[PDB]
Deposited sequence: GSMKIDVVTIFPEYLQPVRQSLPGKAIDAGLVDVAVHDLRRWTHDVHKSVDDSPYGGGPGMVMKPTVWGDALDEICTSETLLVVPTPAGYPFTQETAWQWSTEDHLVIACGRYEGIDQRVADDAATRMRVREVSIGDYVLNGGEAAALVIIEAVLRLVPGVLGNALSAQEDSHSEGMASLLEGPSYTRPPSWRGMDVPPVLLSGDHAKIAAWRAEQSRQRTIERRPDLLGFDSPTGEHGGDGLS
């Protein structure tokens, strides 16, 4: 049973993942995802969420007073606060597993050059805070990362889904297609040989594509 709250200045970005949730899981109260417009917590008629960086630099920094108010309202002491950031610890499948048992995740999506560091530092004095990165590529903001994290975590939550080495190639019908035959070993009925063939394909593909895994 997980509640995920996402806070973002582009709530529209997160709406399809909300609607993508299986009806059965929602009706069974297994999962709920709520998306919040950060500007709900702005102080001024211009709905300002950012300001210039102390010490100079490019772009803007998201305001701590706005974020502080948002998180005060949404978080409790039991919340796991997730802050996507290119400067985070790596988000891995082990991370997803660990988070899949949580009662409450709050995902704070940043933009511009990030969120004033005191927001996370203050939050960390009364709840668990995790700054994480989903990869070594540069995004404009945290929403795409939130989407990846939500998908990876929720498919591990018991119910939501319904009812090493790289994977090698897979095949299905037809047995011959555009001059290419399914490897005959797969149609052999020799299931120990099939498993050995798959193991070797995995080893080859891992060596070629992901030598770091070895």
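| query | Which runs of the deposited chain sequence never show up in the coordinates? | reply | The deposited sequence has unmodelled segments at 1, 165-178, 230-244.
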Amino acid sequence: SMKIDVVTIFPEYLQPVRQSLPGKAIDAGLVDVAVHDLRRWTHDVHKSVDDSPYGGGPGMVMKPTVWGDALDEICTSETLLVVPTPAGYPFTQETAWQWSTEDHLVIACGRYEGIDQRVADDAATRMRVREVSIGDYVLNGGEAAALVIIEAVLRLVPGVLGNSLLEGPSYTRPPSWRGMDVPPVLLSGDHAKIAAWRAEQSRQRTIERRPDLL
From here on, numbers count along this sequence of modelled residues.
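Each form is matched to the other, and the largest set of C-alpha atoms that superpose within 1.5 Å is called the rigid core.
| task | Figure out for me whether 112-120 or 90-98 is the more displaced stretch in 9 other deposited structures of this protein, taking RMS C-alpha distance from the shown form once the rigid core is superposed. | result | Between 90-98 and 112-120, greater C-alpha deviation in 9 other deposited structures of this protein belongs to 112-120.
| Looking across the other entries that model both neighbours, is residue 163 missing in at least a third? | Across the other compared entries, residue 163 is absent from at least a third.
| Flanks modelled, residue 27 absent in at least a third of other entries | Residue status for residue 27: gap in at least one third of the other entries.
| Once you work out the mean C-alpha B-factor for both 152-160 and 180-188 from the entry, which is higher? | That would be 152-160.
| Of the two stretches 114-122 and 90-98, which shows the higher Cα B-factor on average in the entry? | Result of the comparison: 90-98.
| Within this chain, which third does the Cα B-factor at residue 9 fall in: lowest, middle or highest? | It falls in the middle third of the chain.
| So where's residue 59 on the chain's Cα temperature factor ranking, which third? | CA B-factor rank for residue 59: highest third.
| Lowest, middle or highest third of the chain for the C-alpha temperature factor of residue 196? | Lowest third - that is where residue 196 ends up once the chain's C-alpha B-factors are sorted.
| message | Taking only the Cα B-factors deposited for this chain, tell me whether residue 70 sits in the lowest, middle or highest third. | response | CA B-factor rank for residue 70: lowest third.
| message | Considering every modelled residue of the chain and its Cα B-factor in the PDB entry, is residue 140 in the lowest, middle or highest third? | response | Highest third.
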